[PDB]
2 protein chains.
Amino acid sequence: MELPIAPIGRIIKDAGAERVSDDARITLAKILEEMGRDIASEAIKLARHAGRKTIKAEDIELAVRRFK
Amino acid sequence: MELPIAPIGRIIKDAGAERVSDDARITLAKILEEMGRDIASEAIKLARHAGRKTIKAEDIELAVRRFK
């Protein structure tokens, strides 16, 4: 797993939860990482289509729109 | 921002990108954090509906299904 867990617990607390179990932190970290990989994989193909090896903010933005 | 940037660059690299700019890292970190907050905010309401103050893995799982 690339994402660390404590920042994910802080996101849930910032939305208002009073208490958070470890299992909820780990599960939301796993789902964000999965979404992250699917968006990155589409952004890579977009950058390739524009003649680039470098992924830029516009490739990510266009890939998130292409999930609908 | 709660999410740190370096782990987000590692997700994009693990999907195969050869190079990643800082702007792409920052933008994907911002979009995951936004998705995280929307899922956490729905999970809080679900936990409340089940008589709990503690957010559990099942509330997160049901909230991700409820975005469709």
# chains A, B, ... in the order shown; residues from 1 in each chain; ligands from 1
$ interface_residues --of "chain B" --to "chain A" --cutoff "6 Å" --atoms "only C-alpha atoms" --output "list in words"
residues 2, 3, 7, 12, 15, 19, 20, 21, 23, 24, 27, 40, 41, 54, 55, 56 and 57 of chain B
$ write_last_selection --atoms "N, CA and C atoms" --output "PDB file, in the first residue's frame"
ATOM      1  N   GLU B   2      -4.829  17.210   3.853  1.00  0.00           N
ATOM      2  CA  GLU B   2      -4.359  16.170   4.759  1.00  0.00           C
ATOM      3  C   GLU B   2      -3.446  15.195   4.032  1.00  0.00           C
ATOM      4  N   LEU B   3      -3.689  14.975   2.736  1.00  0.00           N
ATOM      5  CA  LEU B   3      -2.824  13.968   2.088  1.00  0.00           C
ATOM      6  C   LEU B   3      -1.460  14.509   1.732  1.00  0.00           C
ATOM      7  N   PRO B   7       3.566   9.937  -1.595  1.00  0.00           N
ATOM      8  CA  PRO B   7       2.818   8.700  -1.818  1.00  0.00           C
ATOM      9  C   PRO B   7       1.941   8.788  -3.061  1.00  0.00           C
ATOM     10  N   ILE B  12       1.203   6.960  -9.109  1.00  0.00           N
ATOM     11  CA  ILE B  12       1.215   7.206 -10.553  1.00  0.00           C
ATOM     12  C   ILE B  12       2.374   6.441 -11.207  1.00  0.00           C
ATOM     13  N   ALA B  15       1.593   2.775 -11.576  1.00  0.00           N
ATOM     14  CA  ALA B  15       0.726   2.464 -12.722  1.00  0.00           C
ATOM     15  C   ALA B  15       1.543   2.507 -14.011  1.00  0.00           C
ATOM     16  N   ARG B  19       7.613   9.595 -16.082  1.00  0.00           N
ATOM     17  CA  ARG B  19       7.941  10.823 -15.380  1.00  0.00           C
ATOM     18  C   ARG B  19       6.659  11.500 -14.874  1.00  0.00           C
ATOM     19  N   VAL B  20       6.711  12.215 -13.783  1.00  0.00           N
ATOM     20  CA  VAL B  20       5.548  12.830 -13.196  1.00  0.00           C
ATOM     21  C   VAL B  20       5.938  14.242 -12.790  1.00  0.00           C
ATOM     22  N   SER B  21       5.192  15.245 -13.201  1.00  0.00           N
ATOM     23  CA  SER B  21       5.439  16.582 -12.706  1.00  0.00           C
ATOM     24  C   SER B  21       4.798  16.778 -11.354  1.00  0.00           C
ATOM     25  N   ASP B  23       2.863  19.245 -10.454  1.00  0.00           N
ATOM     26  CA  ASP B  23       1.462  19.636 -10.620  1.00  0.00           C
ATOM     27  C   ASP B  23       0.506  18.451 -10.762  1.00  0.00           C
ATOM     28  N   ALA B  24       0.960  17.372 -11.401  1.00  0.00           N
ATOM     29  CA  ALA B  24       0.112  16.171 -11.494  1.00  0.00           C
ATOM     30  C   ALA B  24      -0.009  15.501 -10.118  1.00  0.00           C
ATOM     31  N   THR B  27      -2.471  17.839  -8.060  1.00  0.00           N
ATOM     32  CA  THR B  27      -3.839  17.657  -8.534  1.00  0.00           C
ATOM     33  C   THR B  27      -4.474  16.293  -8.165  1.00  0.00           C
ATOM     34  N   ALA B  40     -16.631   9.897   3.368  1.00  0.00           N
ATOM     35  CA  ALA B  40     -16.647   9.945   4.817  1.00  0.00           C
ATOM     36  C   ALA B  40     -17.931  10.601   5.309  1.00  0.00           C
ATOM     37  N   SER B  41     -18.346  11.675   4.637  1.00  0.00           N
ATOM     38  CA  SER B  41     -19.570  12.397   5.031  1.00  0.00           C
ATOM     39  C   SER B  41     -20.799  11.528   4.879  1.00  0.00           C
ATOM     40  N   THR B  54     -19.138   5.470  16.215  1.00  0.00           N
ATOM     41  CA  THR B  54     -17.892   5.001  15.629  1.00  0.00           C
ATOM     42  C   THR B  54     -18.089   4.647  14.155  1.00  0.00           C
ATOM     43  N   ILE B  55     -17.209   5.167  13.291  1.00  0.00           N
ATOM     44  CA  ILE B  55     -17.332   4.814  11.871  1.00  0.00           C
ATOM     45  C   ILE B  55     -16.600   3.463  11.699  1.00  0.00           C
ATOM     46  N   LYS B  56     -17.200   2.503  11.031  1.00  0.00           N
ATOM     47  CA  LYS B  56     -16.614   1.191  10.829  1.00  0.00           C
ATOM     48  C   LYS B  56     -16.342   0.907   9.355  1.00  0.00           C
ATOM     49  N   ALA B  57     -15.645  -0.175   9.010  1.00  0.00           N
ATOM     50  CA  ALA B  57     -15.409  -0.489   7.606  1.00  0.00           C
ATOM     51  C   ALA B  57     -16.708  -0.686   6.862  1.00  0.00           C
TER      52      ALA B  57
END
$ calpha_fit_and_write --fixed "chain B" --moving "chain A" --output "PDB file with N, CA, C and O atoms, in the first residue's frame"
ATOM      1  N   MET A   1      -4.546  20.717   3.397  1.00  0.00           N
ATOM      2  CA  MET A   1      -4.592  19.387   2.745  1.00  0.00           C
ATOM      3  C   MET A   1      -4.109  18.327   3.731  1.00  0.00           C
ATOM      4  O   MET A   1      -3.072  18.569   4.354  1.00  0.00           O
ATOM      5  N   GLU A   2      -4.829  17.210   3.853  1.00  0.00           N
ATOM      6  CA  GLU A   2      -4.359  16.170   4.759  1.00  0.00           C
ATOM      7  C   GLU A   2      -3.446  15.195   4.032  1.00  0.00           C
ATOM      8  O   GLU A   2      -2.554  14.618   4.633  1.00  0.00           O
ATOM      9  N   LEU A   3      -3.689  14.975   2.736  1.00  0.00           N
ATOM     10  CA  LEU A   3      -2.824  13.968   2.088  1.00  0.00           C
ATOM     11  C   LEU A   3      -1.460  14.509   1.732  1.00  0.00           C
ATOM     12  O   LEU A   3      -1.446  15.536   1.069  1.00  0.00           O
ATOM     13  N   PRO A   4      -0.399  13.811   2.059  1.00  0.00           N
ATOM     14  CA  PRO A   4       0.951  14.142   1.604  1.00  0.00           C
ATOM     15  C   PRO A   4       1.153  13.728   0.156  1.00  0.00           C
ATOM     16  O   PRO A   4       0.681  12.695  -0.344  1.00  0.00           O
ATOM     17  N   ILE A   5       1.933  14.491  -0.592  1.00  0.00           N
ATOM     18  CA  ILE A   5       2.195  14.358  -1.982  1.00  0.00           C
ATOM     19  C   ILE A   5       3.071  13.228  -2.478  1.00  0.00           C
ATOM     20  O   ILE A   5       2.776  12.760  -3.606  1.00  0.00           O
ATOM     21  N   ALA A   6       4.079  12.781  -1.733  1.00  0.00           N
ATOM     22  CA  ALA A   6       5.023  11.779  -2.269  1.00  0.00           C
ATOM     23  C   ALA A   6       4.411  10.420  -2.506  1.00  0.00           C
ATOM     24  O   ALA A   6       4.607   9.754  -3.517  1.00  0.00           O
ATOM     25  N   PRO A   7       3.566   9.937  -1.595  1.00  0.00           N
ATOM     26  CA  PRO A   7       2.818   8.700  -1.818  1.00  0.00           C
ATOM     27  C   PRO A   7       1.941   8.788  -3.061  1.00  0.00           C
ATOM     28  O   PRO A   7       1.778   7.757  -3.696  1.00  0.00           O
ATOM     29  N   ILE A   8       1.355   9.940  -3.356  1.00  0.00           N
ATOM     30  CA  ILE A   8       0.523  10.113  -4.553  1.00  0.00           C
ATOM     31  C   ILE A   8       1.381  10.000  -5.809  1.00  0.00           C
ATOM     32  O   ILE A   8       0.978   9.296  -6.738  1.00  0.00           O
ATOM     33  N   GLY A   9       2.602  10.559  -5.863  1.00  0.00           N
ATOM     34  CA  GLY A   9       3.529  10.373  -6.966  1.00  0.00           C
ATOM     35  C   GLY A   9       3.882   8.890  -7.152  1.00  0.00           C
ATOM     36  O   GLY A   9       4.009   8.431  -8.295  1.00  0.00           O
ATOM     37  N   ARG A  10       4.063   8.120  -6.102  1.00  0.00           N
ATOM     38  CA  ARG A  10       4.351   6.712  -6.130  1.00  0.00           C
ATOM     39  C   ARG A  10       3.166   5.946  -6.682  1.00  0.00           C
ATOM     40  O   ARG A  10       3.409   4.950  -7.337  1.00  0.00           O
ATOM     41  N   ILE A  11       1.917   6.388  -6.480  1.00  0.00           N
ATOM     42  CA  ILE A  11       0.814   5.648  -7.104  1.00  0.00           C
ATOM     43  C   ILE A  11       0.864   5.761  -8.611  1.00  0.00           C
ATOM     44  O   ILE A  11       0.725   4.830  -9.427  1.00  0.00           O
ATOM     45  N   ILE A  12       1.203   6.960  -9.109  1.00  0.00           N
ATOM     46  CA  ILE A  12       1.215   7.206 -10.553  1.00  0.00           C
ATOM     47  C   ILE A  12       2.374   6.441 -11.207  1.00  0.00           C
ATOM     48  O   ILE A  12       2.224   5.827 -12.280  1.00  0.00           O
ATOM     49  N   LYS A  13       3.544   6.435 -10.570  1.00  0.00           N
ATOM     50  CA  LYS A  13       4.685   5.624 -10.982  1.00  0.00           C
ATOM     51  C   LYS A  13       4.411   4.103 -10.984  1.00  0.00           C
ATOM     52  O   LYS A  13       4.743   3.403 -11.955  1.00  0.00           O
ATOM     53  N   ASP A  14       3.741   3.585  -9.974  1.00  0.00           N
ATOM     54  CA  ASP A  14       3.326   2.169  -9.901  1.00  0.00           C
ATOM     55  C   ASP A  14       2.348   1.815 -11.019  1.00  0.00           C
ATOM     56  O   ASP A  14       2.326   0.657 -11.462  1.00  0.00           O
ATOM     57  N   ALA A  15       1.593   2.775 -11.576  1.00  0.00           N
ATOM     58  CA  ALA A  15       0.726   2.464 -12.722  1.00  0.00           C
ATOM     59  C   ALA A  15       1.543   2.507 -14.011  1.00  0.00           C
ATOM     60  O   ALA A  15       1.009   2.131 -15.061  1.00  0.00           O
ATOM     61  N   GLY A  16       2.827   2.895 -13.978  1.00  0.00           N
ATOM     62  CA  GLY A  16       3.660   2.869 -15.170  1.00  0.00           C
ATOM     63  C   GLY A  16       4.155   4.186 -15.710  1.00  0.00           C
ATOM     64  O   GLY A  16       4.863   4.128 -16.718  1.00  0.00           O
ATOM     65  N   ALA A  17       3.838   5.362 -15.172  1.00  0.00           N
ATOM     66  CA  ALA A  17       4.309   6.608 -15.755  1.00  0.00           C
ATOM     67  C   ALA A  17       5.836   6.622 -15.705  1.00  0.00           C
ATOM     68  O   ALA A  17       6.384   6.171 -14.697  1.00  0.00           O
ATOM     69  N   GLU A  18       6.471   7.147 -16.721  1.00  0.00           N
ATOM     70  CA  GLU A  18       7.935   7.278 -16.745  1.00  0.00           C
ATOM     71  C   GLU A  18       8.385   8.500 -15.965  1.00  0.00           C
ATOM     72  O   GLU A  18       9.375   8.505 -15.218  1.00  0.00           O
ATOM     73  N   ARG A  19       7.613   9.595 -16.082  1.00  0.00           N
ATOM     74  CA  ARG A  19       7.941  10.823 -15.380  1.00  0.00           C
ATOM     75  C   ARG A  19       6.659  11.500 -14.874  1.00  0.00           C
ATOM     76  O   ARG A  19       5.621  11.408 -15.509  1.00  0.00           O
ATOM     77  N   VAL A  20       6.711  12.215 -13.783  1.00  0.00           N
ATOM     78  CA  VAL A  20       5.548  12.830 -13.196  1.00  0.00           C
ATOM     79  C   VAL A  20       5.938  14.242 -12.790  1.00  0.00           C
ATOM     80  O   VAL A  20       6.897  14.360 -12.019  1.00  0.00           O
ATOM     81  N   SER A  21       5.192  15.245 -13.201  1.00  0.00           N
ATOM     82  CA  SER A  21       5.439  16.582 -12.706  1.00  0.00           C
ATOM     83  C   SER A  21       4.798  16.778 -11.354  1.00  0.00           C
ATOM     84  O   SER A  21       3.885  16.058 -10.929  1.00  0.00           O
ATOM     85  N   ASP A  22       5.229  17.778 -10.589  1.00  0.00           N
ATOM     86  CA  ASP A  22       4.693  18.153  -9.289  1.00  0.00           C
ATOM     87  C   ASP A  22       3.222  18.553  -9.374  1.00  0.00           C
ATOM     88  O   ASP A  22       2.422  18.197  -8.500  1.00  0.00           O
ATOM     89  N   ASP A  23       2.863  19.245 -10.454  1.00  0.00           N
ATOM     90  CA  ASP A  23       1.462  19.636 -10.620  1.00  0.00           C
ATOM     91  C   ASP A  23       0.506  18.451 -10.762  1.00  0.00           C
ATOM     92  O   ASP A  23      -0.620  18.558 -10.249  1.00  0.00           O
ATOM     93  N   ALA A  24       0.960  17.372 -11.401  1.00  0.00           N
ATOM     94  CA  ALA A  24       0.112  16.171 -11.494  1.00  0.00           C
ATOM     95  C   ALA A  24      -0.009  15.501 -10.118  1.00  0.00           C
ATOM     96  O   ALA A  24      -1.071  14.965  -9.796  1.00  0.00           O
ATOM     97  N   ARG A  25       1.092  15.439  -9.358  1.00  0.00           N
ATOM     98  CA  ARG A  25       0.981  14.888  -8.006  1.00  0.00           C
ATOM     99  C   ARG A  25      -0.025  15.648  -7.142  1.00  0.00           C
ATOM    100  O   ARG A  25      -0.856  15.101  -6.421  1.00  0.00           O
ATOM    101  N   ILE A  26       0.073  16.968  -7.081  1.00  0.00           N
ATOM    102  CA  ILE A  26      -0.780  17.851  -6.307  1.00  0.00           C
ATOM    103  C   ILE A  26      -2.223  17.770  -6.741  1.00  0.00           C
ATOM    104  O   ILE A  26      -3.141  17.684  -5.928  1.00  0.00           O
ATOM    105  N   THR A  27      -2.471  17.839  -8.060  1.00  0.00           N
ATOM    106  CA  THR A  27      -3.839  17.657  -8.534  1.00  0.00           C
ATOM    107  C   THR A  27      -4.474  16.293  -8.165  1.00  0.00           C
ATOM    108  O   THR A  27      -5.664  16.318  -7.829  1.00  0.00           O
ATOM    109  N   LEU A  28      -3.863  15.135  -8.357  1.00  0.00           N
ATOM    110  CA  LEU A  28      -4.440  13.845  -7.945  1.00  0.00           C
ATOM    111  C   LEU A  28      -4.576  13.802  -6.425  1.00  0.00           C
ATOM    112  O   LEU A  28      -5.599  13.321  -5.881  1.00  0.00           O
ATOM    113  N   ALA A  29      -3.702  14.470  -5.659  1.00  0.00           N
ATOM    114  CA  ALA A  29      -3.867  14.452  -4.173  1.00  0.00           C
ATOM    115  C   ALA A  29      -5.119  15.192  -3.772  1.00  0.00           C
ATOM    116  O   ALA A  29      -5.896  14.810  -2.881  1.00  0.00           O
ATOM    117  N   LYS A  30      -5.383  16.345  -4.433  1.00  0.00           N
ATOM    118  CA  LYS A  30      -6.584  17.123  -4.187  1.00  0.00           C
ATOM    119  C   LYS A  30      -7.867  16.375  -4.583  1.00  0.00           C
ATOM    120  O   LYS A  30      -8.820  16.452  -3.822  1.00  0.00           O
ATOM    121  N   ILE A  31      -7.864  15.678  -5.724  1.00  0.00           N
ATOM    122  CA  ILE A  31      -9.074  14.935  -6.128  1.00  0.00           C
ATOM    123  C   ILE A  31      -9.319  13.730  -5.203  1.00  0.00           C
ATOM    124  O   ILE A  31     -10.468  13.410  -4.788  1.00  0.00           O
ATOM    125  N   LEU A  32      -8.274  13.030  -4.753  1.00  0.00           N
ATOM    126  CA  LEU A  32      -8.544  11.898  -3.823  1.00  0.00           C
ATOM    127  C   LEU A  32      -9.082  12.380  -2.488  1.00  0.00           C
ATOM    128  O   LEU A  32      -9.982  11.785  -1.861  1.00  0.00           O
ATOM    129  N   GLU A  33      -8.495  13.487  -1.986  1.00  0.00           N
ATOM    130  CA  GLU A  33      -8.974  14.064  -0.735  1.00  0.00           C
ATOM    131  C   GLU A  33     -10.432  14.481  -0.847  1.00  0.00           C
ATOM    132  O   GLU A  33     -11.205  14.230   0.087  1.00  0.00           O
ATOM    133  N   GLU A  34     -10.877  15.137  -1.898  1.00  0.00           N
ATOM    134  CA  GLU A  34     -12.263  15.504  -2.145  1.00  0.00           C
ATOM    135  C   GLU A  34     -13.140  14.248  -2.180  1.00  0.00           C
ATOM    136  O   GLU A  34     -14.205  14.257  -1.541  1.00  0.00           O
ATOM    137  N   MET A  35     -12.807  13.225  -2.934  1.00  0.00           N
ATOM    138  CA  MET A  35     -13.566  11.966  -2.954  1.00  0.00           C
ATOM    139  C   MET A  35     -13.635  11.373  -1.532  1.00  0.00           C
ATOM    140  O   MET A  35     -14.682  10.876  -1.111  1.00  0.00           O
ATOM    141  N   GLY A  36     -12.532  11.358  -0.801  1.00  0.00           N
ATOM    142  CA  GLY A  36     -12.436  10.875   0.571  1.00  0.00           C
ATOM    143  C   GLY A  36     -13.443  11.549   1.513  1.00  0.00           C
ATOM    144  O   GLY A  36     -14.082  10.927   2.362  1.00  0.00           O
ATOM    145  N   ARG A  37     -13.547  12.865   1.406  1.00  0.00           N
ATOM    146  CA  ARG A  37     -14.426  13.651   2.263  1.00  0.00           C
ATOM    147  C   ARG A  37     -15.869  13.354   1.907  1.00  0.00           C
ATOM    148  O   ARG A  37     -16.648  13.349   2.827  1.00  0.00           O
ATOM    149  N   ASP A  38     -16.201  13.252   0.618  1.00  0.00           N
ATOM    150  CA  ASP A  38     -17.585  12.957   0.251  1.00  0.00           C
ATOM    151  C   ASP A  38     -17.991  11.553   0.738  1.00  0.00           C
ATOM    152  O   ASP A  38     -19.070  11.385   1.253  1.00  0.00           O
ATOM    153  N   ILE A  39     -17.128  10.528   0.607  1.00  0.00           N
ATOM    154  CA  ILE A  39     -17.412   9.201   1.131  1.00  0.00           C
ATOM    155  C   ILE A  39     -17.506   9.195   2.644  1.00  0.00           C
ATOM    156  O   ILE A  39     -18.400   8.601   3.258  1.00  0.00           O
ATOM    157  N   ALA A  40     -16.631   9.897   3.368  1.00  0.00           N
ATOM    158  CA  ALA A  40     -16.647   9.945   4.817  1.00  0.00           C
ATOM    159  C   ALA A  40     -17.931  10.601   5.309  1.00  0.00           C
ATOM    160  O   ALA A  40     -18.539  10.207   6.311  1.00  0.00           O
ATOM    161  N   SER A  41     -18.346  11.675   4.637  1.00  0.00           N
ATOM    162  CA  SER A  41     -19.570  12.397   5.031  1.00  0.00           C
ATOM    163  C   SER A  41     -20.799  11.528   4.879  1.00  0.00           C
ATOM    164  O   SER A  41     -21.681  11.502   5.789  1.00  0.00           O
ATOM    165  N   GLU A  42     -20.929  10.696   3.842  1.00  0.00           N
ATOM    166  CA  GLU A  42     -22.012   9.748   3.726  1.00  0.00           C
ATOM    167  C   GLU A  42     -21.858   8.615   4.746  1.00  0.00           C
ATOM    168  O   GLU A  42     -22.856   8.203   5.362  1.00  0.00           O
ATOM    169  N   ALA A  43     -20.658   8.108   5.025  1.00  0.00           N
ATOM    170  CA  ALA A  43     -20.452   7.045   5.994  1.00  0.00           C
ATOM    171  C   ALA A  43     -20.889   7.466   7.413  1.00  0.00           C
ATOM    172  O   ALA A  43     -21.399   6.672   8.227  1.00  0.00           O
ATOM    173  N   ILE A  44     -20.667   8.724   7.760  1.00  0.00           N
ATOM    174  CA  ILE A  44     -21.071   9.265   9.055  1.00  0.00           C
ATOM    175  C   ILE A  44     -22.572   9.172   9.200  1.00  0.00           C
ATOM    176  O   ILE A  44     -23.068   8.839  10.283  1.00  0.00           O
ATOM    177  N   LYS A  45     -23.315   9.580   8.177  1.00  0.00           N
ATOM    178  CA  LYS A  45     -24.764   9.476   8.252  1.00  0.00           C
ATOM    179  C   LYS A  45     -25.205   8.008   8.371  1.00  0.00           C
ATOM    180  O   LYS A  45     -26.165   7.734   9.105  1.00  0.00           O
ATOM    181  N   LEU A  46     -24.549   7.104   7.631  1.00  0.00           N
ATOM    182  CA  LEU A  46     -24.923   5.698   7.753  1.00  0.00           C
ATOM    183  C   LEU A  46     -24.697   5.172   9.151  1.00  0.00           C
ATOM    184  O   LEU A  46     -25.552   4.415   9.692  1.00  0.00           O
ATOM    185  N   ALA A  47     -23.541   5.461   9.756  1.00  0.00           N
ATOM    186  CA  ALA A  47     -23.254   4.988  11.105  1.00  0.00           C
ATOM    187  C   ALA A  47     -24.302   5.523  12.113  1.00  0.00           C
ATOM    188  O   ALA A  47     -24.682   4.791  13.040  1.00  0.00           O
ATOM    189  N   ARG A  48     -24.780   6.721  11.883  1.00  0.00           N
ATOM    190  CA  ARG A  48     -25.745   7.359  12.765  1.00  0.00           C
ATOM    191  C   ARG A  48     -27.064   6.596  12.722  1.00  0.00           C
ATOM    192  O   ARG A  48     -27.690   6.303  13.732  1.00  0.00           O
ATOM    193  N   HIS A  49     -27.421   6.176  11.496  1.00  0.00           N
ATOM    194  CA  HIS A  49     -28.628   5.410  11.225  1.00  0.00           C
ATOM    195  C   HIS A  49     -28.614   4.032  11.873  1.00  0.00           C
ATOM    196  O   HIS A  49     -29.666   3.420  12.119  1.00  0.00           O
ATOM    197  N   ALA A  50     -27.433   3.491  12.162  1.00  0.00           N
ATOM    198  CA  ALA A  50     -27.262   2.237  12.844  1.00  0.00           C
ATOM    199  C   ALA A  50     -27.013   2.418  14.326  1.00  0.00           C
ATOM    200  O   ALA A  50     -26.665   1.441  14.964  1.00  0.00           O
ATOM    201  N   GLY A  51     -27.219   3.574  14.932  1.00  0.00           N
ATOM    202  CA  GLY A  51     -27.061   3.813  16.350  1.00  0.00           C
ATOM    203  C   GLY A  51     -25.635   3.958  16.838  1.00  0.00           C
ATOM    204  O   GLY A  51     -25.374   3.683  18.030  1.00  0.00           O
ATOM    205  N   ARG A  52     -24.695   4.300  15.943  1.00  0.00           N
ATOM    206  CA  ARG A  52     -23.287   4.329  16.339  1.00  0.00           C
ATOM    207  C   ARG A  52     -22.632   5.695  16.163  1.00  0.00           C
ATOM    208  O   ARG A  52     -23.057   6.464  15.324  1.00  0.00           O
ATOM    209  N   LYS A  53     -21.615   5.953  16.955  1.00  0.00           N
ATOM    210  CA  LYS A  53     -20.805   7.161  16.830  1.00  0.00           C
ATOM    211  C   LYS A  53     -19.481   6.771  16.155  1.00  0.00           C
ATOM    212  O   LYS A  53     -18.757   7.596  15.639  1.00  0.00           O
ATOM    213  N   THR A  54     -19.138   5.470  16.215  1.00  0.00           N
ATOM    214  CA  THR A  54     -17.892   5.001  15.629  1.00  0.00           C
ATOM    215  C   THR A  54     -18.089   4.647  14.155  1.00  0.00           C
ATOM    216  O   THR A  54     -19.037   3.900  13.849  1.00  0.00           O
ATOM    217  N   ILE A  55     -17.209   5.167  13.291  1.00  0.00           N
ATOM    218  CA  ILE A  55     -17.332   4.814  11.871  1.00  0.00           C
ATOM    219  C   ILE A  55     -16.600   3.463  11.699  1.00  0.00           C
ATOM    220  O   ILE A  55     -15.464   3.300  12.157  1.00  0.00           O
ATOM    221  N   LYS A  56     -17.200   2.503  11.031  1.00  0.00           N
ATOM    222  CA  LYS A  56     -16.614   1.191  10.829  1.00  0.00           C
ATOM    223  C   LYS A  56     -16.342   0.907   9.355  1.00  0.00           C
ATOM    224  O   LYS A  56     -16.883   1.630   8.512  1.00  0.00           O
ATOM    225  N   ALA A  57     -15.645  -0.175   9.010  1.00  0.00           N
ATOM    226  CA  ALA A  57     -15.409  -0.489   7.606  1.00  0.00           C
ATOM    227  C   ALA A  57     -16.708  -0.686   6.862  1.00  0.00           C
ATOM    228  O   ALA A  57     -16.757  -0.362   5.669  1.00  0.00           O
ATOM    229  N   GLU A  58     -17.774  -1.246   7.502  1.00  0.00           N
ATOM    230  CA  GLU A  58     -19.018  -1.436   6.746  1.00  0.00           C
ATOM    231  C   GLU A  58     -19.700  -0.156   6.332  1.00  0.00           C
ATOM    232  O   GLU A  58     -20.383  -0.082   5.280  1.00  0.00           O
ATOM    233  N   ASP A  59     -19.627   0.921   7.109  1.00  0.00           N
ATOM    234  CA  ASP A  59     -20.161   2.233   6.715  1.00  0.00           C
ATOM    235  C   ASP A  59     -19.446   2.799   5.481  1.00  0.00           C
ATOM    236  O   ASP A  59     -20.054   3.488   4.643  1.00  0.00           O
ATOM    237  N   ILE A  60     -18.134   2.680   5.418  1.00  0.00           N
ATOM    238  CA  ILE A  60     -17.345   3.144   4.258  1.00  0.00           C
ATOM    239  C   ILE A  60     -17.716   2.366   3.007  1.00  0.00           C
ATOM    240  O   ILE A  60     -18.004   2.865   1.919  1.00  0.00           O
ATOM    241  N   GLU A  61     -17.791   1.018   3.138  1.00  0.00           N
ATOM    242  CA  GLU A  61     -18.131   0.147   2.037  1.00  0.00           C
ATOM    243  C   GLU A  61     -19.521   0.498   1.528  1.00  0.00           C
ATOM    244  O   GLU A  61     -19.664   0.588   0.316  1.00  0.00           O
ATOM    245  N   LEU A  62     -20.497   0.623   2.434  1.00  0.00           N
ATOM    246  CA  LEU A  62     -21.841   0.992   1.957  1.00  0.00           C
ATOM    247  C   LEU A  62     -21.903   2.397   1.348  1.00  0.00           C
ATOM    248  O   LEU A  62     -22.609   2.628   0.343  1.00  0.00           O
ATOM    249  N   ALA A  63     -21.152   3.374   1.927  1.00  0.00           N
ATOM    250  CA  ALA A  63     -21.097   4.696   1.321  1.00  0.00           C
ATOM    251  C   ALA A  63     -20.462   4.676  -0.080  1.00  0.00           C
ATOM    252  O   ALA A  63     -20.943   5.445  -0.935  1.00  0.00           O
ATOM    253  N   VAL A  64     -19.443   3.908  -0.385  1.00  0.00           N
ATOM    254  CA  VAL A  64     -18.863   3.873  -1.720  1.00  0.00           C
ATOM    255  C   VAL A  64     -19.842   3.285  -2.732  1.00  0.00           C
ATOM    256  O   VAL A  64     -19.885   3.798  -3.867  1.00  0.00           O
ATOM    257  N   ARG A  65     -20.675   2.321  -2.331  1.00  0.00           N
ATOM    258  CA  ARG A  65     -21.718   1.782  -3.186  1.00  0.00           C
ATOM    259  C   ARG A  65     -22.814   2.806  -3.461  1.00  0.00           C
ATOM    260  O   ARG A  65     -23.413   2.781  -4.529  1.00  0.00           O
ATOM    261  N   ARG A  66     -23.030   3.741  -2.545  1.00  0.00           N
ATOM    262  CA  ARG A  66     -24.017   4.788  -2.636  1.00  0.00           C
ATOM    263  C   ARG A  66     -23.568   6.069  -3.310  1.00  0.00           C
ATOM    264  O   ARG A  66     -24.001   7.184  -2.992  1.00  0.00           O
ATOM    265  N   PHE A  67     -22.649   5.956  -4.232  1.00  0.00           N
ATOM    266  CA  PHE A  67     -22.178   7.044  -5.079  1.00  0.00           C
ATOM    267  C   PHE A  67     -22.496   6.507  -6.481  1.00  0.00           C
ATOM    268  O   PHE A  67     -22.797   7.186  -7.440  1.00  0.00           O
ATOM    269  N   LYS A  68     -22.530   5.171  -6.493  1.00  0.00           N
ATOM    270  CA  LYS A  68     -22.783   4.341  -7.653  1.00  0.00           C
ATOM    271  C   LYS A  68     -21.475   4.315  -8.455  1.00  0.00           C
ATOM    272  O   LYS A  68     -20.461   4.355  -7.720  1.00  0.00           O
TER     273      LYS A  68
END
$ select_by_dssp --residues "chain A" --states "strand (DSSP E or B)" --output "list in words"
residues 19, 20, 54 and 55 of chain A
$ select_by_dssp --residues "chain A" --states "helix (DSSP H, G or I)" --output "MDAnalysis selection string"
chainID A and resid 5:14 22:49 57:65
